[PDB]
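Trainee: Part one of the assembly, not moved from where it sits:
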Amino acid sequence: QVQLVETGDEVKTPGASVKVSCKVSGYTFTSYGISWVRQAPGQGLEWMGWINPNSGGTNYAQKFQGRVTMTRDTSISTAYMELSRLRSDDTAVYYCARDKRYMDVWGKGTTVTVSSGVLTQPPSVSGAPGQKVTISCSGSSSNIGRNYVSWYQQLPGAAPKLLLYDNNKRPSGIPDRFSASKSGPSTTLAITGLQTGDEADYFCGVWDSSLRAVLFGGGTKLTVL
């Protein structure tokens, strides 16, 4: 079925260079884009770059152009990201996601550990079982204001999942309780029959048309009682 499989897992020195392969399975590879989402331990999702597997197009987030390189062996349906000045920071899980504007199917993430030496979103909400709770995410005319939004739910220890796309659409599986709204430069997810299994980090993601990056929210952690 539709999946991406990622690389082996890799310990690396502060001056170095790392390549993360990502193999796709069970879908016309050249039809959808591909996206790299980095996540340092304990922190949030970060847009790296997007590669058009059909034309080799490279949209690098401005933080990484000049240090990242994204490629693709169309013959062997895989994509490649290479960081190239590994720093005490870059210690992270490097996720790989099929990009159809949003990111519906995510890889399982590869960890790089390099050892030696945006969007106002609240940090956490706590709710009781049963009740309703909201999570906002405020951008600008450049981002939440102009372009469609995506919401991602990251359950514990898991890679991010797609919760909402096209401002407020639900993927098959995401239940009725999960729905999003939108006014001006804010998108507010709101979960209604707050169960226990909904304890997770939730991230909004939009495209800021002026910076040219998939801006993520800082993230909210949800703890249900």
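Mentor: Structure's in. What do you need? Residues are numbered from 1 along each chain as shown, chains lettered A, B, ... in the order given.
Trainee: Tell me, domain by domain, which residues of chain A belong where.
Mentor: A:3-114, A:124-224 (curated CATH domains).
Trainee: what distance separates the first one from the centre of its chain?
Mentor: Mean-position distance between domain A:3-114 and its chain equals 11 Å (Cα atoms, centre = their mean, to the nearest Å).
Trainee: Likewise for the shortest one?
Mentor: Once both centres are worked out by Cα atoms, centre = their mean, domain A:124-224 turns out to sit 12 Å from its chain's centre.
Trainee: got the end-to-end distance for it?
Mentor: End-to-end distance for domain A:124-224: 11 Å, by Cα to Cα, to the nearest Å.
Trainee: And the first one, by the same measure?
Mentor: Taking Cα to Cα, the first and last residues of domain A:3-114 lie 27 Å apart.
Trainee: can you check stretch A:90-108 too?
Mentor: Across stretch A:90-108, the terminal residues are separated by 18 Å (Cα to Cα).
Trainee: Now do the buried residues in that stretch.
Mentor: If you call a residue buried by 16 or more other Cβ atoms under 10 Å, then stretch A:90-108 has these buried ones: A:90-99, A:101-107. C-beta: built from backbone N, CA, C; applies to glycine.
Trainee: Spit out the contact partners of the residue in chain A sticking out farthest from the centre.
Mentor: Within chain A, the residue lying farthest from the chain centre (Cα atoms, centre = their mean) is residue A:130, at 28.4 Å. Taking Cβ atoms under 8 Å, 6 or more residues apart in numbering, we find residue A:130 in contact with A:193-194.
Trainee: sec struct for it, please.
Mentor: With DSSP: H, G, I helix; E, B strand; the rest coil as the basis, the three-state label of residue A:130 is coil.
Trainee: and residue A:50, that one's in a helix?
Mentor: No. Per three-state DSSP, residue A:50 lies outside any helix segment and is strand.
Trainee: Show the contacting residues for residue A:100.
Mentor: A:32-33.
Trainee: Can you report phi and psi for it?
Mentor: Dihedral pair for residue A:100: phi -120, psi 60, per degrees, to the nearest 10.
Trainee: For the most centrally placed residue in chain A, which non-adjacent residue is closest in space?
Mentor: In chain A, the residue lying closest to the centroid (Cα atoms, centre = their mean) is residue A:37, at 4.7 Å. Spatial nearest neighbour of residue A:37, excluding adjacent residues (Cβ to Cβ, 6 or more residues apart in numbering): residue A:95 at 4.5 Å.
Trainee: And for residue A:50?
Mentor: Distances taken as Cβ to Cβ, 6+ apart place residue A:59 nearest to residue A:50, at 4.4 Å, with adjacent residues excluded.
Trainee: check contacts around the one you found.
Mentor: Residue A:59 makes contact with A:49-51, A:212-213, according to Cβ under 8 Å, 6+ apart.
Trainee: Only the buried residues of the host helix or strand of it, if you could.
Mentor: Secondary structure from DSSP states H and E places residue A:59 in strand A:57-60. Across strand A:57-60, burial judged by 16+ other Cβ under 10 Å covers A:59-60.
Trainee: That strand pairs with which strands, and in what direction?
Mentor: Sheet partners assigned to strand A:57-60 using DSSP bridges are listed as strand A:45-52 (antiparallel).
Trainee: Restrict the partner strand to CA atoms and write it as PDB.
Mentor: Written as PDB, here are the backbone C-alpha positions of strand A:45-52 (Å, rounded to 0.1, in the frame of the first residue of the first chain):
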ATOM      1  CA  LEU A  45       7.800  20.400  13.300                       C
ATOM      2  CA  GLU A  46      10.000  22.400  10.900                       C
ATOM      3  CA  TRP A  47       9.700  22.800   7.200                       C
ATOM      4  CA  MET A  48      12.900  22.000   5.300                       C
ATOM      5  CA  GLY A  49      12.100  21.800   1.600                       C
ATOM      6  CA  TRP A  50       9.900  20.400  -1.100                       C
ATOM      7  CA  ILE A  51      11.000  18.600  -4.300                       C
ATOM      8  CA  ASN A  52       8.900  18.100  -7.400                       C
END
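Trainee: go ahead and place chain B:
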Amino acid sequence: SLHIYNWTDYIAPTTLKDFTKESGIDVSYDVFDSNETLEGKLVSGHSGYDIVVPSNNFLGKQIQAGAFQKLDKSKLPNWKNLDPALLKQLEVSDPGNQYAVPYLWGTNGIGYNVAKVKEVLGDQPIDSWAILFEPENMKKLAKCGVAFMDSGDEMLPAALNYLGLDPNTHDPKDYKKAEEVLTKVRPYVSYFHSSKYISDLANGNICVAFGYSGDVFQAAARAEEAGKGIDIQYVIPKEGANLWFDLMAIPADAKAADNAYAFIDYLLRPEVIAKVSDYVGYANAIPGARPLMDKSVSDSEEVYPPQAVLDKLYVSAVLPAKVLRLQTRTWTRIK
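Mentor: That brings us to chain B, laid onto the chains above:
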């Protein structure tokens, strides 16, 4: 060879070079800025284009007059790359999709220099058609240049839908109202032109114009490329606006009829149309092309609007020819 008649600023630069380069078929690209210009050439009759591109309402009246040979869909294999729900929406002008293949579609609205507007209009929000259709707003914006489209099919159904009347009304009483709205802000319109605002917005010659979806998005991206601090933006007013669809159609008196099919099968490719839309700033009818497009285009709510925005946009109807003359008279009276 192949002869084509399409709108201005409505194709990527290397789309043709890529086509001839792949197929060998040399192309001749001719251009027009209004629907009427095209429609005029079509009754001229002997206009020797193999591929012309009208809007959705104009296409339907030209079908009812037999201008375009049927589509030999055997020579359009990529025809299934087309959005099925888009096609069915356009049976109202082409029943059973017999003559026209979609190309690009979009809306229309206000395009404005944010800095020079707020300079003359303050923090007033630019969200109502009353920006262009009210003298108390226009009298001041007039120092900064306003540009209407030279077409009663754009200016008049917009003024109708602004007051809340039917933009596809057949009633001469209604056009009366819309007429005396437009003719009360005409003293402040710097010109009527369906195209020379795109360049005129980016260079700061005007500061607001009735424009098309991508025309403004072009004008904006042209402006920042020049790098002088001109902020051009596009806002579908709160009263809604015109949704339309442009479609490619092969005339009957055409002769490169086969070459025309090849060029239209090469634009049904989800790869190429992406490069077209990415450049021109309009949404295309190939659903497979969005995952491949520049996000700022393929993700825009004004390029690809959502339903809530749609559910208040009028689609120009195939008006009875009695009424079209009421348009042309009324619009020429505004001259």
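Trainee: mind redoing the contacts of residue A:59 now chain B's in there?
Mentor: By Cβ atoms under 8 Å, 6 or more residues apart in numbering or on different chains, the contact list for residue A:59 reads A:49-51, A:212-213, B:294-295.
Trainee: Okay, strands next: where are they in chain B?
Mentor: Assignment of strands within chain B using DSSP state E yields the ranges B:2-7, B:27-32, B:51-52, B:100-106, B:108-113, B:146-148, B:189-192, B:208-212, B:232-235, B:242-249, B:283-284, B:314-315.
Trainee: who wins for proximity to chain A among those?
Mentor: strand B:232-235 (7.9 Å; Cβ to the nearest Cβ).
Trainee: now for the closest one, which elements pack on it?
Mentor: Secondary-structure packing of strand B:232-235 (3 or more Cβ pairs under 8 Å, 6 or more residues apart in numbering or on different chains; DSSP states H and E): strand B:108-113, helix B:213-226.
Trainee: Tabulate the CA atom coordinates of the last one in CSV.
Mentor: Backbone C-alpha positions of helix B:213-226 (Å, rounded to 0.1, in the frame of the first residue of the first chain) are rendered in CSV as follows:
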residue,chain,number,x,y,z
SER,B,213,-7.8,36.6,-10.8
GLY,B,214,-4.4,35.9,-12.3
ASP,B,215,-4.0,39.3,-14.1
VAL,B,216,-3.5,40.9,-10.7
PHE,B,217,-1.4,38.0,-9.4
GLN,B,218,0.8,38.6,-12.5
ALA,B,219,0.8,42.3,-12.0
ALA,B,220,1.9,41.8,-8.3
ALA,B,221,4.7,39.4,-9.0
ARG,B,222,5.9,41.7,-11.8
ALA,B,223,5.9,44.6,-9.3
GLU,B,224,8.2,42.9,-6.7
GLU,B,225,10.5,41.7,-9.4
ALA,B,226,11.1,45.3,-10.3
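Trainee: That one: which residues count as buried?
Mentor: Neighbour counts using 16 or more other Cβ atoms under 10 Å in any protein chain shown place B:213-223 of helix B:213-226 among the buried residues.
Trainee: is any part of that helix close to chain A?
Mentor: No. Judged by Cβ under 8 Å from any Cβ of the partner chain, helix B:213-226 and chain A are separated, with a smallest distance of 9.0 Å.
Trainee: For that helix, which outside residues touch it?
Mentor: The list of residues contacting helix B:213-226 from outside it, by Cβ under 8 Å, 6+ apart, reads B:9, B:104, B:106-109, B:111, B:195, B:197-199, B:201-203, B:211, B:230-234, B:280-283, B:297, B:300, B:302-303.
Trainee: Selection in ChimeraX covering whichever of those residues are buried, please.
Mentor: Filtering these down to the buried ones (16+ other Cβ under 10 Å) takes a single ChimeraX command:
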select /B:9,104,106,107,108,109,111,195,197,198,201,202,211,230,232,233,234,280,281,282,283,297,300,302,303
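Trainee: Kindly report the residues of chain A close to chain B.
Mentor: Close to chain B, as judged by Cβ under 8 Å from any Cβ, chain A has residues A:31-33, A:50, A:52, A:54-55, A:59, A:99-101, A:141, A:146-148, A:166-167, A:206-207, A:209, A:212, A:214.
Trainee: Those, buried ones only, as a ChimeraX selection?
Mentor: To isolate the buried members of the residues of chain A next to chain B in ChimeraX, using 16+ other Cβ under 10 Å:
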select /A:31,32,33,50,52,54,59,99,100,101,146,147,148,166,167,206,207,209,212,214
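Trainee: For chain B, what lies in contact range of chain A?
Mentor: Checking chain B against chain A by Cβ under 8 Å from any Cβ, the hits are B:233, B:270-271, B:288, B:290-292, B:294-296, B:298-302, B:304, B:306.
Trainee: So for stretch B:181-201, first residue to last residue, what's the gap.
Mentor: One end of stretch B:181-201 sits 24 Å from the other (Cα to Cα).
Trainee: surely residue A:109 meets residue A:97?
Mentor: No. The criterion here is Cβ atoms under 8 Å, and residue A:109 misses it with residue A:97 at 10.0 Å.
Trainee: Mind putting the strands of chain B into a markdown table with distance to residue B:119?
Mentor: Compiled in a markdown table, these are given as follows (distance: least, Cβ to Cβ, whole Å):
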| stretch | distance to residue B:119 |
| --- | --- |
| strand B:2-7 | 32 |
| strand B:27-32 | 34 |
| strand B:51-52 | 42 |
| strand B:100-106 | 29 |
| strand B:108-113 | 9 |
| strand B:146-148 | 15 |
| strand B:189-192 | 17 |
| strand B:208-212 | 12 |
| strand B:232-235 | 15 |
| strand B:242-249 | 29 |
| strand B:283-284 | 32 |
| strand B:314-315 | 32 |
